[PDB]
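Some notes on the structure that comes next.
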Amino acid sequence: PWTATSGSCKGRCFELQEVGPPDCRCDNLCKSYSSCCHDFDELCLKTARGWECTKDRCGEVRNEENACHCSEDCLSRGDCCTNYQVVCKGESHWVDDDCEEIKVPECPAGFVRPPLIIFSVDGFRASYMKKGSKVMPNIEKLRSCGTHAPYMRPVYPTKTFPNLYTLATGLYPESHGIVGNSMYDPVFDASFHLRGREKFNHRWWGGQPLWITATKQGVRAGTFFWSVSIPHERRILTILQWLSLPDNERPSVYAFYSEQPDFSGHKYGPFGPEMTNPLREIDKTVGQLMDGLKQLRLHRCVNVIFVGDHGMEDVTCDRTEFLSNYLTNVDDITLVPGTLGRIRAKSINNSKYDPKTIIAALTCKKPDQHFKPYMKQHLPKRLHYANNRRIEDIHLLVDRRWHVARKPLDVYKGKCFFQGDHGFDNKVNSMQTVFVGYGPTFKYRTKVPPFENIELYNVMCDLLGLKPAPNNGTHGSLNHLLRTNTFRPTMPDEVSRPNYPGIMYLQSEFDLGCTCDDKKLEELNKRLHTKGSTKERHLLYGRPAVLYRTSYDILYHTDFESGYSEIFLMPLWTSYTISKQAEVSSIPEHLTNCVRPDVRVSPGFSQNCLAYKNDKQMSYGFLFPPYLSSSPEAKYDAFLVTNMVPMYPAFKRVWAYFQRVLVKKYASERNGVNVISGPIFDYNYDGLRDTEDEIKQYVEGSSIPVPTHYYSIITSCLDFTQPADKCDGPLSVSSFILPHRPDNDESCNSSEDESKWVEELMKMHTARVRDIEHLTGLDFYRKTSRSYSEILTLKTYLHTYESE
Ligand SMILES: *[C@@H]1O[C@H](CO)[C@@H](O[C@@H]2O[C@H](CO)[C@@H](O[C@@H]3O[C@H](CO[C@H]4O[C@H](CO[C@H]5O[C@H](CO)[C@@H](O)[C@H](O)[C@@H]5O)[C@@H](O)[C@H](O[C@H]5O[C@H](CO)[C@@H](O)[C@H](O)[C@@H]5O[C@H]5O[C@H](CO)[C@@H](O)[C@H](O)[C@@H]5O)[C@@H]4O)[C@@H](O)[C@H](O[C@H]4O[C@H](CO)[C@@H](O)[C@H](O)[C@@H]4O[C@H]4O[C@H](CO)[C@@H](O)[C@H](O)[C@@H]4O)[C@@H]3O)[C@H](O)[C@H]2NC(C)=O)[C@H](O)[C@H]1NC(C)=O
Ligand SMILES: CC(=O)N1CCC(c2ccc3ncn(CC(=O)N(C)Cc4ccc(Cl)c(OC(F)(F)F)c4)c(=O)c3c2)CC1
Ligand SMILES: [Ca+2]
Ligand SMILES: [Cl-]
Ligand SMILES: [K+]
Ligand code: NA
Ligand SMILES: [Zn+2]
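All the letters of the sequence shown, read from the start, carry residue numbers 50 to 462, 466 to 571, 577 to 861 under the deposited numbering.
Structural data, given as structure tokens:
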């Protein structure tokens, strides 16, 4: 597009409103667009005399050619060097002052609300906070006086643009559209790349970023984007100048961005000796901002967020897996390479391209293979990485410390020159990044548990008094970060009330093709259990609330309670408690193939055994495990047709090991557990519960729908000295969402005993309770003694199984 660079930046330097059409620009992005007016450098990027006052410059006569000023008039003009008051007025640097609690905002007249400054640092690995602490005195003061987490979990892929735009929107990359640092949209036949102009087009960038949310609601916003060649000292000086604008013109939200330490980390590795200097330099920049805020009397008024996008791992050229070592047809594909792989067909006009044969040729081919292929819908649900046409059907998850590439010549175009990289699974320790919150709205000297970057947008909205756009955070889950909370969450209303059926059908009314070998005062006890006498033991936190319109029944039993769906012909949820002392037993010989009609539920709303006999692929399992029955008589309950769910034989290997061995291990380790298990249907891989008309597979000849996944939520007392069923304080939870697959190809060791691979699979598919809520339309923990904000934090917890 033609620019008339003929105009001037006089009185326009770093203007807030971006200009067109062929007119030249003076804003902080004009350099990226190559559209700055001819005099932008002269007027706007002054450098004379550097960035610091010195004794002899004090009270100088103003010289407008200087980078910053030491003249008497500078504070009124808003353009002193950040160390002016220290050098010329005997003041102390902010870092040398004692921490003092900020109980209330202390702001100059005309400030309507405390401003928010986001200070984002690329590649700032979480352990830098401890490991680089001797050389970062300013950052360490923010961290220990403010609110901080030991680390913050980024989104997958742990690349720069997906994570910065998640910070800004509160959305998963599948929903905001920025799904990697490089992308091809098939409906655009356009690529998006780090370097280039295509990324400037707004069509890639979905959702509603914080600056738009603010502007729509009458809060003014600084530019979050920075051109790479504007130096850091000039970015800081520009933010401080904007903060001296008149009340009607002054933004309330600002962002600073640093390319370091990422830039050096790629060259030298995360802990190369060359990394000390980039850390010192970011600390100095923090020092400049805080000294400048202190001059303008805003150091006890502004809220500051020091936040990273992802970490950095050791990665070298010789740790590259090559697709040419696996596939013959290597030139029929296009690969997006590196710390993750995405594979598509080279040519739309190629009809002999087979994803199925590509996966098979990539599956368990070499003993210590350093990647694993997945159809995108089979990736761990915790990654939320599938519901976007820019994400290719075929995906490779790459081991930490490794790369994937198509052919050797792609790498050794042969010397190396890179020692660090990122992009791996977001549960990986080296990928974690940082959060510090400092200012009047944050708590004083407070440590909070680790949390996910998707939650920050809601909190930044609360900090500015904005109503957040719809997003993937759970609003209220981070209230514990804040001294004054704008947001008080309330529980969603239950939409469907359950039926409580009694005995309504005679045995001979059922014609389900099922058989079971199952033919005083003990009689009253049986009825009590069926009516809910033990329900307080097995349903510890209330029944889950059904948040959509449906028909379902509550079923009580000695050992477990369930919510049984008349529409899906199976439980939506099944809840049971296993104490530390519980005994495991076997399924007796005469009960191996036992399935029993449930006389509370009509034949018309039941599964049938004939369908499973006819369907040669599909078998069945049970939600409450018969192995954990409390007595030989209660065990008959576990064989009810209302406790049955469809399972592939290959999946029953996983499920039976979980129910027979692991549940008991967890009860032993945690001093009792309460378990809620159920089916999930997500045939369109959008992370959301399917309606019945979205189901793509049924048990042959029937209306019994086949789940895509099975979940379990496992709860106990955070103080493990108290048993799960008598717990007075906070709770502890782990959960999973296992894919319901007809093979165990995902597990390369699946020919061995389950003791060698099953728990490993489960750990990979760890989940948050909130992930399960989205996928089921249920709302858990409705009746506890805990506060709702606390329950929201619990529902967002992810058990990661990483070491320390
Ligand atoms: C994480 O959080 C997010 C955010 O809350 C959740 O994602 C939301 O989920 C909703 C349900 O799936 C979905 O609702 C859809 O949306 C349809 C309209 O969508 C467009 O308009 C949106 C609103 O924009 C305005 O407001 C926002 C403020 O937030 C501003 O930013 C805007 O400027 C507007 O003022 C807009 O956000 C949305 O953005 C997507 O599409 C853009 C352009 O393509 C992209 O740039 C952007 O990145 C978004 O892309 C994502 O989302 C799309 C799906 O929308 C997806 O394909 C991509 O892969 C990507 O993931 C749009 O521009 C609306 O028409 C839908 O209604 C239809 O379906 C239902 C039944 O299913 C009916 O109720 C309805 O009558 C209608 O049926 C008809 O259409 C059917 C399908 O076409 C058809 O088959 C049928 O026959 C009928 O004719 C529905 O409401 C939201 O759009 C979505 N939002 C976002 C931002 O992603 C997400 O679910 C959460 N994740 C988890 C795991 O919880
Ligand atoms: C969508 C839109 O309005 N567009 C589309 C994109 C356009 C555009 C035009 C020129 C550009 N020049 C340089 N850079 C690099 C940069 O600014 N980085 C790495 C910092 C950064 C990037 C993202 C977020 Cl979210 C962020 O904020 C933060 F840090 F807070 F997350 C901070 C750009 O990204 C860039 C983008 C502007 C208009
Ligand atoms: Ca779905
Ligand atoms: Cl990428
Ligand atoms: K079968
Ligand atoms: Na296998
Ligand atoms: Zn990087």
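Even for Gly, the Cβ is constructed at its ideal location relative to N, Cα and C.
Asked: Whole-angstrom C-beta distance between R202 and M361, which should lie under 8 Å; Found: Going by Cβ atoms, the distance from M361 to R202 rounds to 15 Å, so no, they are not a contact pair.
Asked: Coil, strand or helix - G341 by DSSP; Found: helix
Asked: Pairwise C-alpha distance: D72 and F793; Found: 56 Å
Asked: Beta strand (DSSP E) segments (min. 3 residues) lying fully within the segment 779–804; Found: 788–796
Asked: Heavy atoms of ligand 6 versus C-beta positions, residues under 6 Å; Found: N801, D802, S804, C805 and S807
Asked: Where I188 falls: helix, strand or coil (DSSP); Found: helix
Asked: Cα-Cα separation, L581 to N524; Found: 49 Å
Asked: For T383, three-class secondary structure by DSSP; Found: strand
Asked: Coil, strand or helix - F249 by DSSP; Found: helix
Asked: Residue of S141, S676, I506 and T103 minimising C-alpha distance to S224; Found: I506
Asked: Pairwise C-alpha distance: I644 and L685; Found: 10 Å
Asked: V335 versus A304 - alpha carbon distance; Found: 13 Å
Asked: Cβ-based burial, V453 [other Cβ within 10 Å; buried from 16]; Found: buried
Asked: Burial state of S396, where buried means 16 or more other Cβ atoms lie within 10 Å; Found: exposed
Asked: Beta-carbon proximity list for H856, same chain, < 7 Å, skipping 5 on both sides; Found: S791 and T823
Asked: Of the residues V500, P70 and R438, the one placed nearest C85, counting alpha carbons only; Found: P70
Asked: Unbroken alpha helix (DSSP H) run spanning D569, endpoints; Found: Counting along the chain, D569 falls outside any alpha helix (DSSP H), and DSSP gives it neither H nor E.
Asked: Pairwise C-alpha distance: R439 and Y496; Found: 43 Å
Asked: Separation of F625 from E749, as counted between CA atoms; Found: 8 Å
Asked: Residue interval of the alpha helix (DSSP H) (run including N531); Found: Premise fails: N531 is in no alpha helix (DSSP H) and is neither H nor E.
Asked: Near ligand 2: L78 beta-carbon under 7 Å from a heavy atom; Found: yes
Asked: Same chain, Cβ closer than 8 Å to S83, neighbours up to 5 away in sequence not counted; Found: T52
Asked: DSSP bridge partner residues for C85 (one or two, in chain order); Found: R74
Asked: Which of helix, strand or coil DSSP assigns to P327; Found: helix
Asked: Any beta strand (DSSP E) of 3 or more consecutive residues that is wholly inside the segment 202–266; Found: 232–234 and 239–241
Asked: The alpha helix (DSSP H) enclosing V486, as first and last residue numbers; Found: Here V486 belongs to no alpha helix (DSSP H), and DSSP marks it neither H nor E.
Asked: Distance between beta carbons of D381 and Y402, contact taken as under 8 Å; Found: 6 Å
Asked: Cα-Cα separation, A116 to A97; Found: 5 Å
Asked: Buried or exposed (CB count within 10 angstroms, at least 16 for buried), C468; Found: exposed
Asked: CB contact flag (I285, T406, <8 Å); Found: no
Asked: Beta-carbon spacing of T207, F420 below 8 Å; Found: no
Asked: Cβ-based burial, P386 [other Cβ within 10 Å; buried from 16]; Found: buried
Asked: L191, buried or exposed, once every other Cβ within 10 Å from all chains shown has been counted against 16; Found: buried
Asked: One or two residues paired with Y677 in a DSSP bridge; Found: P703
Asked: Residues with C-beta closer than 6 Å to any heavy atom of ligand 7, in chain order; Found: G172, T209, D311, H315 and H474
Asked: Span separating the alpha-carbon of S57 from that of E282; Found: 23 Å
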